[PDB]
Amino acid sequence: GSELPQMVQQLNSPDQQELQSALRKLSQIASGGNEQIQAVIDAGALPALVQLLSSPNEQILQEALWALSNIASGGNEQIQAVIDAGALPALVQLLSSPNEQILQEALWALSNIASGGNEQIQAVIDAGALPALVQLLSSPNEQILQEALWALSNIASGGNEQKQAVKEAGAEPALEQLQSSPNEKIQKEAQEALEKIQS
């Protein structure tokens, strides 16, 4: 509580140990439900967190992604605050990262954002995420494939405009190809996503 302003102030500290300590403490608060998430937002954390998505330090990048994922695990208005802070262009670019850990974490944050209402889903679409998400359905990495399926399934839970955008990005044949997957969990998830898109 009382320590939140000092934590936020230190999210751009010139001392890297001080920055990382505040960032680690910040994600813990943002895990305590929507009221705590809102306290983090209202303390001004979002601009500093979005700036950290450009850090060359992959450790800081990962911790910033966790913090944003946790904020985006809240209500639709809390997701919208993440969107309004400009997180989506950086997240979409990180879908092309060669670091599988960073990629998984960027996908996680994007999927949480796409778990909001139709306005939050449409912002993900408008940020250009669909082509990369569809391409990731070809990934040999089970964890990445699982998260790309999750992201697309979340988007396909939106309105007809959102489902049609998923169709136009070529998701259908990629999900049909997964029906022959040896992995039953993936096959069933892909089939459910197909049904959502075609509904």
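One-based numbering along the sequence shown.
For the pair 122-130 and 74-82, the mean Cα B-factor is higher in 122-130. Between the stretches 21-29 and 181-189, it is 21-29 that shows the larger average CA temperature factor.
In the PDB entry, a CA B factor belonging to the middle third of its chain's modelled residues is recorded for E142. In the PDB entry, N12 places in the lowest third of its chain by CA B-factor. Ranked within its chain, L53 lands in the middle third, by CA B factor from the PDB record. Ranked within its chain, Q93 lands in the middle third, by CA B factor from the PDB record. The deposited CA B-factor of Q38 belongs to the lowest third of values across its chain.
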